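Written out below as structure tokens is the structure these notes cover.
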Ligand SMILES: CC(C)(C(=O)Nc1ccc(-c2cncc(C(F)(F)F)n2)cn1)c1csc(NS(=O)(=O)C2CC2)n1
Ligand SMILES: CC(C)(C(=O)Nc1ccc(-c2cncc(C(F)(F)F)n2)cn1)c1csc(NS(=O)(=O)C2CC2)n1
Ligand SMILES: CC(C)(C(=O)Nc1ccc(-c2cncc(C(F)(F)F)n2)cn1)c1csc(NS(=O)(=O)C2CC2)n1
Ligand SMILES: O=c1ccn([C@@H]2O[C@H](COP(=O)(O)OP(=O)(O)OP(=O)(O)O)[C@@H](O)[C@H]2O)c(=O)[nH]1
Ligand SMILES: O=c1ccn([C@@H]2O[C@H](COP(=O)(O)OP(=O)(O)OP(=O)(O)O)[C@@H](O)[C@H]2O)c(=O)[nH]1
Ligand SMILES: O=c1ccn([C@@H]2O[C@H](COP(=O)(O)OP(=O)(O)OP(=O)(O)O)[C@@H](O)[C@H]2O)c(=O)[nH]1
Ligand SMILES: NC(=O)CC[C@H](N)C(=O)O
Ligand SMILES: NC(=O)CC[C@H](N)C(=O)O
Ligand SMILES: NC(=O)CC[C@H](N)C(=O)O
Ligand SMILES: [Mg+2]
Ligand SMILES: [Mg+2]
Ligand SMILES: [Mg+2]
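See the structure below:
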């Protein structure tokens, strides 16, 4: 079992998780079984507590683990499905050591960061690397470990100290370190300034790790002079200095790393035994005709959602132009306070070829979602409602077709006489992979799902369609195995108007877009009726 | 005597010397006498040894000190003239302590960095601050000390350790620290990333200095959220967090700092007792008509030269478009190897309204300077030759008017039968402020110099017009006090064709452009004959 | 050429130079040619400027280099004779780079600590290691480099950074690092506290060197538990953790290191191709009868002097008890101010079996030296005067035999009518190895020097016997080659009363004591008249 530690230098956000995922897909293209671990240096046990503006888009695993979006990048670059504990955190590891101490497992010895926390990190990394997360049950050959944050943060110090030991616990042929840095090119200077990379490598070596690769996040490509200054002051070979510059599509980043020789490096360095990504890149860069989706949302918070639309767009062979609409601008109160916000949002929503109402929590902007769904019903615009979008598609059909004008969920208005979507916990949240049964053949969604009698999809919600009001409601084509819970709704006498109670986007891959996002893209270009035919 | 230490964070080149100079001109606008010290953490005693690609444009002081371009920024933002030792270096300070040790002045004690080098830095800073560098002999009230490099470099550590002591030697009301940092805004992220500023302030506090001001070099203005994150993690008041964003003209940087409240801060913080810069900025931003100068040079290396043209441009009320021409592209051999380089250079040189041949050293590109001067003579283009440009204007007039086709300097071709410019050392280099006498009234240069019988200008050259060949040569209107050395040449029967043996640009200020650069700008827009009239 | 860097941890003074010398004599016992370099992180060029209380006993090399006492430990543990530049300092290396910069050798580039000073250190270390300092002209196989100071001092950082590069310039088989630390055992705690060693190794690894050996300066031997805690937290093998505890004699320190396995370690670790020290130790520890020497001195400052007496003592097979007498206590003014100091000093001087007046500078205590020599003449006590002791033996014979009661040197009393020892510079100081000729056979000193017609000895003085007054003066048996300078004086009609103008102690080795120190030891036990017979 080989390990690659990806570490971040000057700043976060510089594509380190894309580099980690690209290194993984490169090694998978070498025929290796590859797993991945994200370390997030935060005290939070799971991302499920986060407001989607900080560590945006909590990605939901099969087991119900609410984790960082980087775990979703791993599942998209590599055909793996991960477990909760592939997201390591200081909360998870300190709680482990604390509970272990309270049980007496440390045998009356003083517990402390070195060794006991640094051992716990190594134990965890070894354990999770041996788990066959891959699409078939084969034991992984390499684990790409991404350390979040930046080096020399007080939060990252335990993990770097653990990896400093780890490279002597496993042999050097089993441990590589990549340092992903920034080389800024200021307006103030015109030069590509390597100084912060040099200081960050110096800092990392002060913590006892020496970069085997220095991967520079550049905007423009590195000059030779700057690369030789990096090689010099980072005390490493020129071949081991890489530029990841700005590129047109995500699909080029493995190819850029391939060109830069990292594959050949890893093969020799770790003693180890992608033409689709050329194709997808070249295909992307020659898309002329454009679809347009209105994303009517509250909240990067739509990372998986956007990616699922781009997969779908590339599959139908169109560009995508996503009309990001703040749902709080489609509310009639924004017509009072800011008529410029109100009319620009409705220009965007009307010019859109279809509309997507994504999931979320809280009242704020829900009435703007309900008005965006009303537009999409009555003007026959292709509609996808995801999680909350299904719940509010049942509220909108209740208000403006059934005439139950009071109707809402018990999340927002528990005082309502028509609680058409109700708090319905698992006898907790309906969270992770559940099986949905198709209750019929009469579904376009069933046809898009390949005419299977069931599907299994990742859920993350507390509320469901009320089974009393269901009798008056809007064909609930997908149900749970108990028949208790409605999980797909499809409206009769519309081109495509779907609510799904799960999150389709978490299972979208470039090679296989999720069928409701594909159906939305197909319908909003009029190709769905050809596809189903 | 008050001290302000300006320190650099993430990178160099982020306008720290402009910030230091702006802080100085702000305090001078408060009516204070202000001096400045640049510390360059390099082992070099003086910049006179540098190739102009590294620490480009060696600025020459009155005393003959060859120093960094930042000393020239101090002389341009503040009407001061500095001494050699206002450029402090590790070479100057270690050589001081070493020579002092060899003389036994440390009384048989072991000399070491702390205290003896850190004392020497403090001694130097106090001594040079008491020197009246200002336009009248009044003792300075504040010294702006700029520390070059970045904090936590092994070179900068002695100086930061010295300043850590200094703030307890002089009282806190006599010592302020400004930290000039970078807040990058990546294409990869869209966010303004404060992390490297936080780490740099943390690093600086590890070296025992706490930022009184954190000045963020931004591209775009700081968001409130980012400023509050800086104030938090740098543990300082929001009012003490400043953004210096990108602005149109240099003239706005004091005004931006003024708006950001730093003047009011310094006045209270140091217990101390610019409308022209509004004017110059607004004047600059509304210039419509453009002059164009061909800068036919070898080598930022033309920093003072460019600034002198921009002063002149703003004074005549035109824009400037500088046609940077690599002199090595005007050589006929570049017509052989790269005819695209050769013709683009001659398009630039012919479309130019006048030509400037700046100073320099070595053969490389001199034949391209000689061909650019030949163009400027015979096509009656306004010409300024500076230092080497005068020497080569005497070579060109010798080759193509006198027919001495062999002619060159003894620097390039010592074997020549017509050594028309010869190695003529000071009985060393002719370096620093010398007095030139005007040998006549018949000079446009004398009229531009206000009809004075002499001028005093900063020289930096080893070679001079041969007094033998002078008799055959091209009116040498300016001579030294000995009559040994020709120091201005002016050609008869041309609009404006001047060689000066000194560097006029080192004495250019926004409020007073140097007369040959002004005369070139005036002549290349046809206004000179009105100005002299 | 192999390198061993010895580095110091918690404090200086913890026997690091004895460890370095012991490692050298171990490798020399393996049949290797071994050289040594001391790095002193101080700004001083040479130790010749020091007051003997700081870096006490300036050791004088053949070339006239005045260096630290550790260079003398190298010459005593290994039969080598060193050059000036085997003492490296920051003064020597910064002056090198500065002078090299002023000559333009750095080609207009910015000189800075990394690379240019760190390169200069590596250049120096390589150059001085190739010099055959050994007793025959064979090129060294290993250089033991001792870094003075402690790790993580701002002074030591350039050298550790140089060695961090050096281990990748030469291969790992050519570079070993030993870390000599302290393990304190407080009265407050009873435990041996490894924490400062762990922190010092952590600090050293932050500077990029990892201990190949951790040598603990212990008082008492390490416990197993403490050694295993060191091995753990210093992340190194138990076999690579060594205790150098307190031992009876210096002769045991190589044997202790041998027992601890370091020889076997170095042989494998550096891929390389002492029974006298058992003997000398066992011989020392069974010495019963004692000689006693009065050391009547001003000033560790007598390190070489003490060692030369101990060599002599071990050779005659007696113990030595050195009566350290502050010469300022034998002055009659101390009878006025402190009669307890005055009488204790004269009890010590009278109970002594012989007296040694060592070299020194300045008036202070010279009248106490003159009174100690007066005692030794007239009471027929065996006397050795070294350098200043010869000069003052000519002053004392002038005052109290010739009756020139005014007599002194021109150093102390230039106004004197009998300047019997005069300032006589080299047409500078008479410094380093000079040849002395014996002007006769009638000398006990010539017999002790093996009946050679000349000797060559290390001098360090500015003053000499006046050749005018010489005619009235006390047989000057040793002269320089010019006959200008008297260099041995021997008094007729006394058991043994010798002045030497050189320093015999710098050439004393355990296997060969210097003959005047041996003659003093022999005479003060009455064995000299048997030895010469
Ligand atoms: C949104 C879109 C269209 C895309 O091309 N985005 C894009 C483009 C360029 C970069 C980029 C540019 N330079 C440097 C770096 C880095 F490497 F340094 F970070 N990145 C990042 N993201 C897309 C479709 S599918 C997807 N992502 S995905 O579903 O995970 C799939 C891969 C498995 N994104
Ligand atoms: C060349 C030109 C026309 C100029 O406007 N340049 C320019 C413009 C903007 C900035 C700038 C933008 N944002 C931020 C910062 C910083 F503060 F963060 F660095 N700077 C820097 N330089 C000029 C004329 S005169 C001169 N300079 S000068 O002769 O010394 C005189 C002042 C005394 N330059
Ligand atoms: C003065 C005397 C009698 C002596 O035994 N001293 C003594 C004794 C023990 C230690 C000692 C105890 N524990 C630990 C460590 C260390 F290793 F950790 F430092 N040292 C140090 N010095 C002596 C004679 S000859 C000489 N020295 S010498 O001429 O250079 C010759 C060797 C070539 N000294
Ligand atoms: O203002 C000054 C004065 C002196 N120096 C000194 O000159 C050296 C120049 O070094 P830089 O700071 O330019 O760093 P670099 O070349 O290693 O990296 P980038 O430019 O690519 O970011 C520094 O390390 C410092 O010792 C300055 O950088 N700037
Ligand atoms: O990938 C991950 C995982 C975890 N974390 C953790 O979350 C914290 C988020 O902090 P950031 O790294 O975003 O830093 P910041 O907000 O102080 O500064 P800028 O964004 O303006 O540059 C970090 O300090 C680290 O502890 C990440 O940053 N990224
Ligand atoms: O007062 C306290 C409280 C807590 N601790 C904690 O317990 C740990 C005990 O560790 P020590 O400080 O005893 O260090 P050590 O055993 O590594 O080394 P020596 O004793 O040989 O010097 C420390 O590292 C700290 O985390 C104390 O040491 N002391
Ligand atoms: N995942 C979501 O979109 C949440 C929807 C809704 N708030 C619920 O809890 O069911
Ligand atoms: N300052 C310059 O332009 C130098 C010109 C020429 N090389 C000289 O030494 O005179
Ligand atoms: N080495 C010494 O003892 C110095 C003796 C005397 N001061 C001289 O200079 O000669
Ligand atoms: Mg640089
Ligand atoms: Mg952040
Ligand atoms: Mg302990």
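Chains as they are written, first to last, in PDB author numbering: chain A, 1 to 273, 282 to 307, 312 to 439, 447 to 492, 497 to 556; chain C, 1 to 273, 282 to 307, 312 to 439, 447 to 492, 497 to 556; chain B, 1 to 273, 282 to 307, 312 to 439, 447 to 492, 497 to 556.
C-beta atoms are modelled at their ideal positions from N, C-alpha and C, and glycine is treated no differently.
* Asked: Exposed or buried, which one is residue 208/A when buried takes at least 16 other CB atoms within 10 Å?
  -> By the 10 Å Cβ count, residue 208/A comes out buried.
* Asked: What are the uninterrupted segments assigned as alpha helix (DSSP H) that are 4 or more residues long and contained completely in the stretch 114-151 of chain A, given in chain order?
  -> 118-129
* Asked: Within this structure, are the beta carbons of residue 402/C and residue 511/C separated by less than 9 Å?
  -> yes
* In chain order, what residues of the same chain have a beta carbon less than 6 Å from the beta carbon of residue 322/B, not counting five sequence neighbours either side? -> 332
* To do: Say yes only if the C-beta of residue 233/A is nearer than 8 Å to one or more non-hydrogen atoms of ligand 4, and no if none qualify.
  => yes
* Asked: What is the residue span of the alpha helix (DSSP H) that residue 435/C lies within?
  -> Element bounds for residue 435/C: not the alpha helix (DSSP H) but the beta strand (DSSP E), 431-435.
* Helix, strand or coil for residue 393/C, going by three-state DSSP, please let me know. => coil
* To do: Consider the Cβ of residue 114/C: report whether some Cβ of chain B lies at a distance smaller than 9 Å.
  => True, the Cβ-Cβ gap to chain B drops below 9 Å.
* If you measure from the CB of residue 191/A, is any heavy atom of ligand 10 nearer than 8 Å? -> yes
* Asked: Does the beta carbon of residue 254/C sit closer than 9 Å to a beta carbon anywhere in chain A?
  -> no
* Asked: Between residue 159/A and chain B, is there a C-beta pair that is closer than 9 Å?
  -> Answer no: the Cβ-Cβ gap between residue 159/A and chain B never drops below 9 Å.
* To do: Name, going along the chain, the residues of the stretch 41-66 of chain C whose beta-carbon falls closer than 8 Å to a beta-carbon of chain B.
  => Within the stretch 41-66 of chain C, the qualifying residues are 41, 42, 43, 44, 45, 49, 50, 51, 54, 55.
* Alpha carbon of residue 88/A to alpha carbon of residue 145/A, nearest angstrom -> Residue 88/A and residue 145/A have their C-alpha atoms roughly 10 Å apart.
* To do: Flag residue 205/B as yes if its beta-carbon sits less than 9 Å from any beta-carbon of chain A, otherwise no.
  => yes
* What residue from 8/B, 62/B, 42/B has the CA that sits closest to residue 561/B's CA? -> This structure gives no information on residue 561/B, because the portion of chain B shown stretches from 1 to 556.
* To do: Check each residue of the stretch 137-170 of chain C: if its Cβ is closer than 8 Å to any Cβ of chain B, include it; give the result in chain order.
  => Of all residues in the stretch 137-170 of chain C, 154, 155, 157, 158, 161 have a Cβ within less than 8 Å of some Cβ in chain B.
* Every unbroken beta strand (DSSP E) within the stretch 503-537 of chain A, with a cutoff of 3 residues, ordered by chain -> 509-513, 520-523
* Could you tell me whether any non-hydrogen atom of ligand 3 is closer than 8 Å to the CB of residue 292/B? => yes
* Inspect the CB distances between the stretch 116-123 of chain C and the stretch 54-73 of chain C and report whether three or more fall short of 8 Å. => Of all C-beta pairs linking the stretch 116-123 of chain C to the stretch 54-73 of chain C, fewer than three are shorter than 8 Å, placing the two stretches out of contact.
* Asked: Nearest-angstrom Cα distance between residue 550/A and residue 556/A?
  -> 10 Å
* To do: State the start and end residues of the unbroken alpha helix (DSSP H) segment that holds residue 553/A.
  => 551-554
* Measuring alpha carbon to alpha carbon, tell me which of 386/A, 3/A, 390/A, 415/A ends up nearest residue 128/A. => 3/A
* Does the distance from the CB of residue 64/A to the CB of residue 450/A come in under 9 Å? -> yes
* Asked: By how many angstroms is the C-alpha of residue 140/C removed from the C-alpha of residue 378/C?
  -> 44 Å
* For chain C, find out if any of its Cβ atoms is closer than 9 Å to the Cβ of residue 39/A; answer yes or no. => False, the Cβ-Cβ gap to chain C never drops below 9 Å.
* To do: Decide if residue 76/B is buried, meaning its Cβ has at least 16 other Cβ atoms within 10 Å, or exposed.
  => buried
* **8 Å Cβ cut-off: residues of chain C touching residue 182/A** => 184, 186
* is_contact[residue 175/A, chain B] using C-beta, thresh 9 Å -> Chain B, which has no Cβ nearer than 9 Å to the Cβ of residue 175/A, makes this no.
* **Rounded distance between the beta-carbons of residue 463/B and residue 330/B, thought under 8 Å** => At roughly 20 Å, the Cβ-Cβ gap does not stay under 8 Å, so residue 330/B and residue 463/B are not in contact.
* Tell me whether residue 483/A sits in a helix, a strand or coil according to DSSP, three-state version. => strand
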